[PDB]
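Enquirer: I'd like to ask you about the structure that follows.
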Amino acid sequence: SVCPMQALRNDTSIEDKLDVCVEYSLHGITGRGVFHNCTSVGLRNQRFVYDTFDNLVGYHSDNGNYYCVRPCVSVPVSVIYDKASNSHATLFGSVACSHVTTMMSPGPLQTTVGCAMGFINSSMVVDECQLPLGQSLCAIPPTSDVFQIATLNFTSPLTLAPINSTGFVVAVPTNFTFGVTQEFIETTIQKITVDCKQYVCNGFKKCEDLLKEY
Amino acid sequence: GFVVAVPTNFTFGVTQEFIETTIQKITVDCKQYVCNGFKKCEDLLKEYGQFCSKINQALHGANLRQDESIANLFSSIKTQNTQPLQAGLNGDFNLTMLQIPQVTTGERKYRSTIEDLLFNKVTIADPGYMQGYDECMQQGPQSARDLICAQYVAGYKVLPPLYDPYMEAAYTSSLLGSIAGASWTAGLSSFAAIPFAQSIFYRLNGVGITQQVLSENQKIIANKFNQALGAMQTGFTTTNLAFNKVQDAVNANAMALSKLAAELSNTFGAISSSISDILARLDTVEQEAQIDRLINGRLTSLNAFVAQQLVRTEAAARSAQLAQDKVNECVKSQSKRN
Amino acid sequence: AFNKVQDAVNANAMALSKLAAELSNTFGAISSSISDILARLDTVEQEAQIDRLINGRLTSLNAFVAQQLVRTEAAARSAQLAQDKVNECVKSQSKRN
Amino acid sequence: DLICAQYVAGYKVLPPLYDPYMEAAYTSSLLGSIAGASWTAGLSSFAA
Amino acid sequence: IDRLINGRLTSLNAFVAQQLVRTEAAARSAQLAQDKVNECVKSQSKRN
Amino acid sequence: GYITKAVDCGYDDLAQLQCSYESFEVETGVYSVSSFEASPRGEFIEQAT
Amino acid sequence: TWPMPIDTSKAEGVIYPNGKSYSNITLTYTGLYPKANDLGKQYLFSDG
Ligand SMILES: *[C@@H]1O[C@H](CO)[C@@H](O[C@@H]2O[C@H](CO)[C@@H](O)[C@H](O)[C@H]2NC(C)=O)[C@H](O)[C@H]1NC(C)=O
Ligand SMILES: *[C@@H]1O[C@H](CO)[C@@H](O[C@@H]2O[C@H](CO)[C@@H](O)[C@H](O)[C@H]2NC(C)=O)[C@H](O)[C@H]1NC(C)=O
Ligand SMILES: *[C@@H]1O[C@H](CO)[C@@H](O[C@@H]2O[C@H](CO)[C@@H](O)[C@H](O)[C@H]2NC(C)=O)[C@H](O)[C@H]1NC(C)=O
Ligand SMILES: *[C@@H]1O[C@H](CO)[C@@H](O)[C@H](O)[C@H]1NC(C)=O
Ligand SMILES: *[C@@H]1O[C@H](CO)[C@@H](O)[C@H](O)[C@H]1NC(C)=O
Ligand SMILES: *[C@@H]1O[C@H](CO)[C@@H](O)[C@H](O)[C@H]1NC(C)=O
Ligand SMILES: *[C@@H]1O[C@H](CO)[C@@H](O)[C@H](O)[C@H]1NC(C)=O
Ligand SMILES: *[C@@H]1O[C@H](CO)[C@@H](O)[C@H](O)[C@H]1NC(C)=O
């Protein structure tokens, strides 16, 4: 690079601050990202490695090591809210609970969809859910002190087995009720017309004279 | 009289069909998608926060409607009726391809053999629902396992499906066990437990084959059935329409995420698509007019993505209703529709 | 079925909400109000400021028209499904399980 | 009534997969499949 | 010139998005047309 | 015209959901909220002689 | 008088981009390059 002398800062190291978001100034190239020690790819005299979008993806360092470079990333967060109890809980999706404790600034519970906060392990089994978490997990609101994790699980009820004879077995009803299934079919939407000149210019003759072109 | 061409020899043939029931569920962190960190972009973006809210609310509503549709499809397990099938052959009909392999090892398999054959012919990127963030933090050669790490950089999230593989396996075992018997007669209220072979021979008797023909040709019919069932993996090629529809669905899911990630390299007429280079090369007055181009272009791109996902969700919910009709009229009964 | 009724009502109302909210989009100008632009700038800056609002609002009205077409064609398909249900479930006894 | 705007604007209308002879073959197959064609329970015989 | 470029590219994106929706709708009604051929032309339907 | 109640939007994740919906009352459900920000810490700098 | 045309399948006579490197990818690049299958001009030298 070519640099003015007033922009020269001294020097630092990366080996004590790996896998965090830092700022970098590497031989004139500046930016922001996450550095990870890696196995060497690309040509080491060109010193920088790019991708097809011309973003920096790797760096051959003066200390002899190659580093993979990523942009700065973020943990995804989900809030579980129940209006009747006015209660909430948290899920960090795709995060293992051993890493929530390090970047932290009932305990954290690992689930198949991530690390849950404010939940207790339970053995409850339901077949109907109003707060589904995915992968057959269901959140049960307090009425306890915290939300519970239960599983959606059900199977087919009665298994009549064939008899070893010359006839067969049939289950014939001896009592009944009438059930009602309800159903809704849409036939229509609401019909809208738009006044285009009123929507764009709102009165105002100077906008309308500019809008005559359109 | 008249002349009629009556069969003297036959085979069994298999038609294959694919029906889509679901798309991949996406949420977007709008502020991180538009401003990528960078407080000065966010200070400019505070004038547009009401438009960032509408995107999140529209996607929330679409994902909720898909969850309701899929729970209504799976509703029929809790009430059906079921007959237990033999492992291996049932009479002389061999059903091994459609059954889950009972293994003595330490793994609980949930797929049948023909399902494993179908799943080994499609390529799907693994979203990593449990610990995908920590596995994307230690990449190196990123294309070793097919992960979606663009989630955590660009600012979107793939949501897991409502049911786990155990429950889907339970649904298709319910469908398989509801085939023999299952309201033998007029109504739908009785459940007769007649075995599988007798059920097949009554279905053949009802289409024009008399009991003399069925008694004289028992092993021949069973051998032709086993021979047709043994050749179903031949249909898993790109000349077959159903296999092309399976691959078409996988590609539409991949195409939505590619088109999301690529719009972060549009300059929209700025000097760069990177916010850091704009902040390093211009002064404050020029910075503002350069960054608001990227803000307005990215917000318009998110609006187009939301409008695409709404129409895809509505299409998938109509075809889930069609799949329910197919299960009720072809798997669980004999249709009178030619 | 009740959730579907409420969904159709919310879809009609959300279309009108998204129509009205776009008139407060500045589209990168100093204001969403034309009155304020005409009060704070001279003619050469007024033209470049009003052209942003014009181009933004025309693009928004195009997106609205594209969404109404899709919704109208979907409603016309489900009216055909409704006629099938009236003919086969209410007016006779179907043989479709 | 030619679409000459194809060659100015930069788009191409593509031809359909079948020519009119094949479409006439389809609807003549349909007209000839009406009389008879398994007037009984199943679908596998053909009465003329 | 970059105003025209960004505008015309956004317009082409809208054209592509409308073409995908019309192609999917025509594919659904081709399946409906097949059902009408099979149940009304080639047979005698028992559906009121 | 008086202010009867407030919510600090940066206090926790439910406050941030209530601020994004612009409402003190929200429905039952599961919601994705805005992620945990990076805020970069250090500096790498390397250069030549 | 051996003809020696340019073979782009071996990337003959290609200038590498300056200041950077790529690894295990495929992209397009605008620059100054020789034509494919260009014979060029031959220069034959001899002792006196
Ligand atoms: C069918 O089920 C109904 C409902 O349980 C039975 O009606 C009950 O009859 C007993 C004795 O007659 C009464 O004590 C209950 O109060 C009735 N229940 C209700 C809800 O009214 C009926 O007896 C059953 N019939 C048969 C033949 O099983
Ligand atoms: C019906 O067709 C099958 C198939 O051609 C006939 O099976 C063949 O039988 C001959 C002699 O029995 C064998 O050599 C062939 O190998 C068989 N073919 C196959 C594919 O297995 C069968 O014989 C025919 N039935 C009648 C009554 O003619
Ligand atoms: C029922 O069908 C299965 C699958 O077609 C048969 O299993 C195959 O048997 C052959 C040789 O016996 C092996 O080469 C295959 O690897 C087997 N496949 C599987 C999935 O096990 C099975 O033998 C048939 N049953 C009977 C009784 O013949
Ligand atoms: C970084 O990686 C290189 C090669 O992969 C290795 O030699 C070096 O020891 C690593 N650094 C540390 C601190 O382990
Ligand atoms: C939750 O409970 C199950 C069984 O009840 C157990 O296998 C699992 O380890 C528990 N998990 C935690 C985090 O306590
Ligand atoms: C669901 O219940 C059945 C009952 O036996 C059990 O075997 C199965 O493991 C359960 N599945 C889950 C995911 O809890
Ligand atoms: C029928 O099966 C049972 C097994 O439960 C067996 O005890 C009985 O002997 C069988 N009947 C005949 C005729 O083999
Ligand atoms: C290079 O890319 C290809 C993709 O076609 C991949 O299969 C291969 O493993 C990559 N090589 C290395 C060393 O990562």
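Lettering and numbering for the structure tokens are positional, with chains as A, B, ... in the shown order, residues counted from 1 in each chain, and ligands counted from 1 in the shown order.
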Taking only C-alpha atoms into account, find every residue of chain D that has an atom no more than 6 Å from chain B, and write it out as a PyMOL selection string.

Expert: chain D and resi 42+45-48

Enquirer: Quick one: write out the picked residues with N, CA, C and O atoms as a compact mmCIF listing (two decimals), in the first residue's frame?

Expert:
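Output saved as selection-v8.txt:
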```txt
# COMPACT_ATOMS: atom_id res chain seq x y z
N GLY D 42 -64.39 -53.29 -15.02
CA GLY D 42 -62.98 -52.94 -15.08
C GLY D 42 -62.64 -52.00 -16.21
O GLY D 42 -63.49 -51.31 -16.78
N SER D 45 -60.69 -54.42 -20.97
CA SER D 45 -61.17 -54.98 -22.23
C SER D 45 -61.65 -53.85 -23.12
O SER D 45 -61.79 -52.71 -22.69
N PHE D 46 -61.86 -54.15 -24.39
CA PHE D 46 -62.28 -53.14 -25.36
C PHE D 46 -63.38 -53.72 -26.22
O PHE D 46 -63.13 -54.64 -27.01
N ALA D 47 -64.59 -53.21 -26.06
CA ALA D 47 -65.72 -53.62 -26.87
C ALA D 47 -65.86 -52.66 -28.04
O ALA D 47 -65.77 -51.45 -27.86
N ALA D 48 -66.04 -53.21 -29.24
CA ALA D 48 -66.24 -52.40 -30.43
C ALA D 48 -67.73 -52.32 -30.75
O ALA D 48 -68.23 -52.93 -31.69
```

Enquirer: Any idea which chain A residues end up within 7 Å of chain G if we count only C-alpha atoms, as a VMD selection string please?

Expert: chain A and resid 41 to 43 46 to 52

Enquirer: For the residues in the current selection, export C-alpha atoms as a compact mmCIF listing (two decimals), in the first residue's frame.

Expert:
```
# COMPACT_ATOMS: atom_id res chain seq x y z
CA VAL A 41 -4.69 -22.43 0.47
CA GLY A 42 -3.93 -20.15 -2.45
CA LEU A 43 -0.61 -18.62 -3.41
CA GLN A 46 -0.24 -12.89 -3.18
CA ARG A 47 -1.00 -12.87 0.59
CA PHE A 48 -4.78 -12.33 0.27
CA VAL A 49 -7.45 -14.80 -0.87
CA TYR A 50 -10.81 -13.70 -2.25
CA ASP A 51 -14.05 -15.37 -3.26
CA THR A 52 -16.28 -14.92 -6.32
```

Enquirer: In terms of the shortest atom-to-atom distance over only C-alpha atoms and all ligand atoms, which of B:121, B:25, B:31, B:108 is closest to ligand 6?

Expert: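 Once distances to ligand 6 are computed over only C-alpha atoms and all ligand atoms, the minimum belongs to B:108.
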
Enquirer: Env of residue 46 of chain E: 10 Å cut, atoms = only C-alpha atoms, seq-sep filter 5 positions within chain, self excluded. Answer as a ChimeraX atom specification.

Expert: /B:336-337 /C:94-96 /E:39-40

Enquirer: Kindly work out which residues sit at most 8 Å from ligand 5, using only C-alpha atoms and all ligand atoms, and give the list as a PDB file with N, CA and C atoms, in the first residue's frame.

Expert:
```pdb
ATOM      1  N   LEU A 109     -30.751 -25.364  29.007  1.00  0.00           N
ATOM      2  CA  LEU A 109     -31.120 -26.745  28.732  1.00  0.00           C
ATOM      3  C   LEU A 109     -30.977 -27.031  27.242  1.00  0.00           C
ATOM      4  N   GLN A 110     -30.224 -28.071  26.897  1.00  0.00           N
ATOM      5  CA  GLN A 110     -29.997 -28.428  25.501  1.00  0.00           C
ATOM      6  C   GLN A 110     -31.168 -29.236  24.953  1.00  0.00           C
ATOM      7  N   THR A 111     -31.634 -28.856  23.769  1.00  0.00           N
ATOM      8  CA  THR A 111     -32.722 -29.492  23.053  1.00  0.00           C
ATOM      9  C   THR A 111     -32.262 -29.740  21.625  1.00  0.00           C
ATOM     10  N   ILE A 120     -37.802 -26.257  32.056  1.00  0.00           N
ATOM     11  CA  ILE A 120     -37.436 -27.409  32.861  1.00  0.00           C
ATOM     12  C   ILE A 120     -37.698 -28.661  32.030  1.00  0.00           C
ATOM     13  N   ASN A 121     -36.816 -29.641  32.177  1.00  0.00           N
ATOM     14  CA  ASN A 121     -36.981 -30.944  31.551  1.00  0.00           C
ATOM     15  C   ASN A 121     -38.184 -31.665  32.142  1.00  0.00           C
ATOM     16  N   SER A 122     -38.993 -32.259  31.274  1.00  0.00           N
ATOM     17  CA  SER A 122     -40.159 -32.995  31.739  1.00  0.00           C
ATOM     18  C   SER A 122     -40.326 -34.250  30.898  1.00  0.00           C
ATOM     19  N   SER A 123     -41.237 -35.111  31.340  1.00  0.00           N
ATOM     20  CA  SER A 123     -41.561 -36.347  30.645  1.00  0.00           C
ATOM     21  C   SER A 123     -42.982 -36.336  30.094  1.00  0.00           C
TER      22      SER A 123
END
```

Enquirer: Give the alpha helix (DSSP H) residues of chain F, as DSSP finds them on the backbone, and put them as a count of residues only.

Expert: 9

Enquirer: Interatomic distance between atom 2 (O, counted along the ligand's line) of ligand 6 and atom CA of residue 110 of chain B?

Expert: 13.7 Å

Enquirer: For segment 8-22 of chain E, work out the shell of residues within 10 Å, counting only C-alpha atoms and skipping chain neighbours fewer than 5 positions away, then give it as a compact mmCIF listing (two decimals) with N, CA and C atoms, in the first residue's frame.

Expert:
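Listed below is the output, part_36.txt:
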```txt
# COMPACT_ATOMS: atom_id res chain seq x y z
N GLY B 297 -32.54 0.01 -1.68
CA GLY B 297 -32.47 -1.15 -2.55
C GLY B 297 -32.65 -2.46 -1.81
N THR B 300 -36.40 -2.90 -0.73
CA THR B 300 -37.20 -3.35 -1.86
C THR B 300 -36.96 -4.83 -2.18
N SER B 301 -35.71 -5.29 -2.07
CA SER B 301 -35.41 -6.71 -2.29
C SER B 301 -36.07 -7.62 -1.25
N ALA B 304 -39.73 -8.05 -2.14
CA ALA B 304 -39.94 -9.03 -3.21
C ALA B 304 -39.79 -10.46 -2.70
N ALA B 307 -43.05 -11.35 -0.78
CA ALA B 307 -44.13 -11.62 -1.72
C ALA B 307 -43.96 -12.96 -2.44
N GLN B 308 -42.73 -13.40 -2.66
CA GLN B 308 -42.51 -14.72 -3.24
C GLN B 308 -42.86 -15.85 -2.26
N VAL B 311 -46.78 -16.62 -1.85
CA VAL B 311 -47.39 -17.38 -2.92
C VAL B 311 -46.94 -18.84 -2.88
N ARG B 312 -45.67 -19.08 -2.54
CA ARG B 312 -45.22 -20.47 -2.40
C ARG B 312 -45.89 -21.19 -1.23
N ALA B 315 -49.50 -22.10 -2.42
CA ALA B 315 -49.44 -23.25 -3.31
C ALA B 315 -49.22 -24.56 -2.55
N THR C 59 -43.49 2.38 -8.12
CA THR C 59 -43.03 1.01 -7.92
C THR C 59 -43.87 0.28 -6.87
N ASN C 62 -47.19 -0.74 -8.34
CA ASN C 62 -46.99 -1.92 -9.19
C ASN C 62 -46.97 -3.21 -8.39
N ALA C 63 -46.27 -3.20 -7.25
CA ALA C 63 -46.23 -4.38 -6.39
C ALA C 63 -47.60 -4.74 -5.82
N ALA C 66 -49.67 -6.43 -8.62
CA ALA C 66 -49.21 -7.81 -8.78
C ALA C 66 -49.76 -8.73 -7.69
N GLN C 67 -49.86 -8.24 -6.46
CA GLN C 67 -50.40 -9.07 -5.38
C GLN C 67 -51.92 -9.26 -5.47
N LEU C 69 -53.64 -9.42 -8.26
CA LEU C 69 -53.91 -10.39 -9.33
C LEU C 69 -53.81 -11.83 -8.84
N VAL C 70 -52.74 -12.14 -8.10
CA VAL C 70 -52.53 -13.48 -7.54
C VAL C 70 -53.67 -13.86 -6.59
N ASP E 2 -26.69 4.82 -15.01
CA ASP E 2 -26.90 3.81 -13.98
C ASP E 2 -28.30 3.87 -13.36
N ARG E 3 -29.00 5.00 -13.49
CA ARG E 3 -30.43 5.08 -13.16
C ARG E 3 -31.26 4.16 -14.04
N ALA E 27 -49.77 -25.20 -14.90
CA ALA E 27 -49.49 -26.60 -14.61
C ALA E 27 -50.57 -27.23 -13.75
```

Enquirer: Based on only C-alpha atoms, which of the residues in chain C come within 7 Å of chain B? I want them as a PyMOL selection string.

Expert: chain C and resi 27-28+96-97

Enquirer: Write the residues you've just listed into a file as a PDB file, in the first residue's frame, and include N, CA and C atoms for each of them.

Expert:
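Produced file part-v1.pdb, reproduced below:
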```pdb
ATOM      1  N   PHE C  27     -38.333   7.481   0.867  1.00  0.00           N
ATOM      2  CA  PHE C  27     -37.574   6.951  -0.277  1.00  0.00           C
ATOM      3  C   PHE C  27     -36.209   7.621  -0.437  1.00  0.00           C
ATOM      4  N   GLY C  28     -35.616   8.086   0.657  1.00  0.00           N
ATOM      5  CA  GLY C  28     -34.355   8.782   0.593  1.00  0.00           C
ATOM      6  C   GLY C  28     -34.421  10.281   0.421  1.00  0.00           C
ATOM      7  N   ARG C  96     -67.139 -40.650  -2.442  1.00  0.00           N
ATOM      8  CA  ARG C  96     -65.727 -40.363  -2.245  1.00  0.00           C
ATOM      9  C   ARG C  96     -65.437 -40.398  -0.756  1.00  0.00           C
ATOM     10  N   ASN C  97     -64.549 -41.295  -0.350  1.00  0.00           N
ATOM     11  CA  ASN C  97     -64.211 -41.457   1.055  1.00  0.00           C
ATOM     12  C   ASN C  97     -63.399 -40.269   1.552  1.00  0.00           C
TER      13      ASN C  97
END
```

Enquirer: Determine, for each residue of chain A having at least one atom at most 12 Å from an atom of ligand 6, the closest pair of atoms and their separation in Å to one decimal, counting only C-alpha atoms and all ligand atoms; order by chain and ascending number, as JSON lines.

Expert:
```
{"residue": "A:112", "atom": "CA", "partner": "ligand 6", "partner_atom_place_in_ligand_line": "13 (C)", "distance": 11.3}
{"residue": "A:122", "atom": "CA", "partner": "ligand 6", "partner_atom_place_in_ligand_line": "14 (O)", "distance": 11.5}
{"residue": "A:123", "atom": "CA", "partner": "ligand 6", "partner_atom_place_in_ligand_line": "14 (O)", "distance": 8.9}
{"residue": "A:124", "atom": "CA", "partner": "ligand 6", "partner_atom_place_in_ligand_line": "14 (O)", "distance": 9.4}
{"residue": "A:125", "atom": "CA", "partner": "ligand 6", "partner_atom_place_in_ligand_line": "14 (O)", "distance": 7.5}
{"residue": "A:126", "atom": "CA", "partner": "ligand 6", "partner_atom_place_in_ligand_line": "1 (C)", "distance": 9.9}
{"residue": "A:127", "atom": "CA", "partner": "ligand 6", "partner_atom_place_in_ligand_line": "1 (C)", "distance": 10.3}
{"residue": "A:135", "atom": "CA", "partner": "ligand 6", "partner_atom_place_in_ligand_line": "13 (C)", "distance": 9.1}
{"residue": "A:136", "atom": "CA", "partner": "ligand 6", "partner_atom_place_in_ligand_line": "13 (C)", "distance": 7.3}
{"residue": "A:137", "atom": "CA", "partner": "ligand 6", "partner_atom_place_in_ligand_line": "13 (C)", "distance": 9.0}
{"residue": "A:138", "atom": "CA", "partner": "ligand 6", "partner_atom_place_in_ligand_line": "13 (C)", "distance": 11.7}
{"residue": "A:149", "atom": "CA", "partner": "ligand 6", "partner_atom_place_in_ligand_line": "14 (O)", "distance": 11.8}
{"residue": "A:150", "atom": "CA", "partner": "ligand 6", "partner_atom_place_in_ligand_line": "14 (O)", "distance": 9.0}
{"residue": "A:151", "atom": "CA", "partner": "ligand 6", "partner_atom_place_in_ligand_line": "14 (O)", "distance": 6.2}
{"residue": "A:152", "atom": "CA", "partner": "ligand 6", "partner_atom_place_in_ligand_line": "13 (C)", "distance": 7.4}
{"residue": "A:153", "atom": "CA", "partner": "ligand 6", "partner_atom_place_in_ligand_line": "1 (C)", "distance": 4.9}
{"residue": "A:154", "atom": "CA", "partner": "ligand 6", "partner_atom_place_in_ligand_line": "1 (C)", "distance": 6.2}
{"residue": "A:155", "atom": "CA", "partner": "ligand 6", "partner_atom_place_in_ligand_line": "2 (O)", "distance": 7.4}
{"residue": "A:156", "atom": "CA", "partner": "ligand 6", "partner_atom_place_in_ligand_line": "4 (C)", "distance": 10.6}
{"residue": "A:157", "atom": "CA", "partner": "ligand 6", "partner_atom_place_in_ligand_line": "4 (C)", "distance": 11.3}
```

Enquirer: With a distance cut-off of 9 Å and only C-alpha atoms, select the neighbouring residues of segment 8-13 of chain F, excluding the residue or stretch itself and same-chain residues fewer than 6 positions from it, and output the selection as a list in words.

Expert: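 Surrounding residues, per the criterion: residues 77, 78, 79 and 90 of chain A; 19, 20, 33 and 34 of chain F.
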
Enquirer: Selection from above, N, CA and C atoms, as a short mmCIF file (atom, residue, chain, number, x, y, z; two decimals), in the first residue's frame, can you write it?

Expert:
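As written to disk, part21.cif reads:
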```cif
data_model
loop_
_atom_site.label_atom_id
_atom_site.label_comp_id
_atom_site.auth_asym_id
_atom_site.auth_seq_id
_atom_site.Cartn_x
_atom_site.Cartn_y
_atom_site.Cartn_z
N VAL A 77 -32.18 -15.61 18.00
CA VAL A 77 -32.89 -15.54 19.28
C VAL A 77 -34.39 -15.70 19.02
N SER A 78 -35.04 -16.55 19.82
CA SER A 78 -36.48 -16.76 19.73
C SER A 78 -37.12 -16.59 21.11
N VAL A 79 -38.21 -15.84 21.16
CA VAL A 79 -38.93 -15.60 22.40
C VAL A 79 -40.27 -16.34 22.35
N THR A 90 -36.99 -18.20 26.51
CA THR A 90 -36.09 -17.94 25.39
C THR A 90 -35.56 -19.24 24.79
N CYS F 19 -41.74 -3.66 21.54
CA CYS F 19 -41.37 -2.48 20.76
C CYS F 19 -41.48 -2.69 19.26
N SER F 20 -41.11 -3.86 18.74
CA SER F 20 -41.29 -4.12 17.32
C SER F 20 -42.75 -4.23 16.91
N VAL F 33 -36.54 -12.74 17.18
CA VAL F 33 -36.20 -11.36 17.48
C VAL F 33 -34.80 -11.06 16.95
N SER F 34 -34.44 -9.78 16.99
CA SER F 34 -33.18 -9.30 16.48
C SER F 34 -32.03 -9.81 17.33
#
```

Enquirer: Counting only C-alpha atoms and all ligand atoms, what residues are within 12 Å of ligand 2, given as a VMD selection string?

Expert: chain B and resid 7 to 12 213 216 to 217 220 to 221 223 to 224 227 to 228

Enquirer: Using only N, CA, C and O atoms, please write the residues we just selected to a file, as a PDB file, in the first residue's frame.

Expert:
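Produced file selection25.pdb, reproduced below:
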```pdb
ATOM      1  N   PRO B   7     -58.498 -59.838 -22.284  1.00  0.00           N
ATOM      2  CA  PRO B   7     -57.121 -60.257 -21.984  1.00  0.00           C
ATOM      3  C   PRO B   7     -56.963 -61.752 -21.762  1.00  0.00           C
ATOM      4  O   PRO B   7     -57.881 -62.444 -21.328  1.00  0.00           O
ATOM      5  N   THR B   8     -55.771 -62.248 -22.090  1.00  0.00           N
ATOM      6  CA  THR B   8     -55.369 -63.621 -21.830  1.00  0.00           C
ATOM      7  C   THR B   8     -54.072 -63.715 -21.040  1.00  0.00           C
ATOM      8  O   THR B   8     -53.734 -64.799 -20.570  1.00  0.00           O
ATOM      9  N   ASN B   9     -53.332 -62.620 -20.905  1.00  0.00           N
ATOM     10  CA  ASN B   9     -52.112 -62.551 -20.115  1.00  0.00           C
ATOM     11  C   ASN B   9     -52.018 -61.135 -19.560  1.00  0.00           C
ATOM     12  O   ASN B   9     -52.607 -60.210 -20.117  1.00  0.00           O
ATOM     13  N   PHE B  10     -51.297 -60.971 -18.453  1.00  0.00           N
ATOM     14  CA  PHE B  10     -51.236 -59.677 -17.781  1.00  0.00           C
ATOM     15  C   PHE B  10     -49.901 -59.524 -17.074  1.00  0.00           C
ATOM     16  O   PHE B  10     -49.190 -60.502 -16.844  1.00  0.00           O
ATOM     17  N   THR B  11     -49.582 -58.283 -16.715  1.00  0.00           N
ATOM     18  CA  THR B  11     -48.555 -57.957 -15.729  1.00  0.00           C
ATOM     19  C   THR B  11     -49.104 -56.920 -14.754  1.00  0.00           C
ATOM     20  O   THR B  11     -50.226 -56.428 -14.888  1.00  0.00           O
ATOM     21  N   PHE B  12     -48.290 -56.580 -13.764  1.00  0.00           N
ATOM     22  CA  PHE B  12     -48.575 -55.500 -12.837  1.00  0.00           C
ATOM     23  C   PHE B  12     -47.641 -54.341 -13.136  1.00  0.00           C
ATOM     24  O   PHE B  12     -46.446 -54.545 -13.349  1.00  0.00           O
ATOM     25  N   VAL B 213     -60.261 -68.345 -11.952  1.00  0.00           N
ATOM     26  CA  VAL B 213     -58.995 -67.806 -12.426  1.00  0.00           C
ATOM     27  C   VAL B 213     -58.076 -67.492 -11.256  1.00  0.00           C
ATOM     28  O   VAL B 213     -56.868 -67.740 -11.316  1.00  0.00           O
ATOM     29  N   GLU B 216     -56.727 -70.843  -9.789  1.00  0.00           N
ATOM     30  CA  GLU B 216     -55.769 -71.560 -10.621  1.00  0.00           C
ATOM     31  C   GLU B 216     -54.447 -70.819 -10.804  1.00  0.00           C
ATOM     32  O   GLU B 216     -53.461 -71.442 -11.204  1.00  0.00           O
ATOM     33  N   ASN B 217     -54.391 -69.525 -10.505  1.00  0.00           N
ATOM     34  CA  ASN B 217     -53.232 -68.692 -10.801  1.00  0.00           C
ATOM     35  C   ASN B 217     -52.721 -67.965  -9.562  1.00  0.00           C
ATOM     36  O   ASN B 217     -52.363 -66.794  -9.630  1.00  0.00           O
ATOM     37  N   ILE B 220     -48.693 -67.495  -9.523  1.00  0.00           N
ATOM     38  CA  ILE B 220     -48.312 -66.666 -10.659  1.00  0.00           C
ATOM     39  C   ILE B 220     -48.615 -65.197 -10.380  1.00  0.00           C
ATOM     40  O   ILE B 220     -47.791 -64.317 -10.664  1.00  0.00           O
ATOM     41  N   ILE B 221     -49.776 -64.918  -9.780  1.00  0.00           N
ATOM     42  CA  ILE B 221     -50.140 -63.554  -9.404  1.00  0.00           C
ATOM     43  C   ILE B 221     -49.200 -63.024  -8.327  1.00  0.00           C
ATOM     44  O   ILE B 221     -48.733 -61.878  -8.406  1.00  0.00           O
ATOM     45  N   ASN B 223     -46.056 -63.992  -7.785  1.00  0.00           N
ATOM     46  CA  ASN B 223     -44.740 -63.772  -8.379  1.00  0.00           C
ATOM     47  C   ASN B 223     -44.702 -62.514  -9.236  1.00  0.00           C
ATOM     48  O   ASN B 223     -43.711 -61.776  -9.207  1.00  0.00           O
ATOM     49  N   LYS B 224     -45.768 -62.246  -9.998  1.00  0.00           N
ATOM     50  CA  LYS B 224     -45.812 -61.012 -10.780  1.00  0.00           C
ATOM     51  C   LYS B 224     -45.880 -59.777  -9.894  1.00  0.00           C
ATOM     52  O   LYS B 224     -45.274 -58.750 -10.225  1.00  0.00           O
ATOM     53  N   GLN B 227     -42.381 -59.261  -8.453  1.00  0.00           N
ATOM     54  CA  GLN B 227     -41.536 -58.766  -9.528  1.00  0.00           C
ATOM     55  C   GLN B 227     -41.805 -57.299  -9.848  1.00  0.00           C
ATOM     56  O   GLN B 227     -40.875 -56.566 -10.192  1.00  0.00           O
ATOM     57  N   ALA B 228     -43.050 -56.840  -9.728  1.00  0.00           N
ATOM     58  CA  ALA B 228     -43.305 -55.420  -9.947  1.00  0.00           C
ATOM     59  C   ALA B 228     -42.830 -54.578  -8.770  1.00  0.00           C
ATOM     60  O   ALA B 228     -42.357 -53.455  -8.961  1.00  0.00           O
TER      61      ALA B 228
END
```

Enquirer: Collect all residues with atoms no farther than 9 Å from ligand 3, counting only C-alpha atoms and all ligand atoms, and output them as an MDAnalysis selection string.

Expert: chainID B and resid 88:89 92:97 101 113:114 226:227 229:231

Enquirer: Only residues of chain C matter here; which ones have an atom within 6 Å of chain A, counting only C-alpha atoms? Give them as a ChimeraX atom specification.

Expert: /C:1,75,78-79

Enquirer: Within 12 Å of ligand 7, counting only C-alpha atoms and all ligand atoms, which protein or nucleic acid residues do you find, written as an mmCIF file with C-alpha atoms, in the first residue's frame?

Expert:
```cif
data_model
loop_
_atom_site.group_PDB
_atom_site.id
_atom_site.type_symbol
_atom_site.label_atom_id
_atom_site.label_comp_id
_atom_site.auth_asym_id
_atom_site.auth_seq_id
_atom_site.Cartn_x
_atom_site.Cartn_y
_atom_site.Cartn_z
ATOM 1 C CA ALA A 161 -55.388 -59.076 15.021
ATOM 2 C CA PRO A 162 -56.669 -61.805 12.665
ATOM 3 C CA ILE A 163 -57.889 -65.017 14.266
ATOM 4 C CA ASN A 164 -56.602 -68.474 13.296
ATOM 5 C CA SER A 165 -59.878 -69.940 12.041
ATOM 6 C CA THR A 166 -61.887 -70.177 8.839
#
```
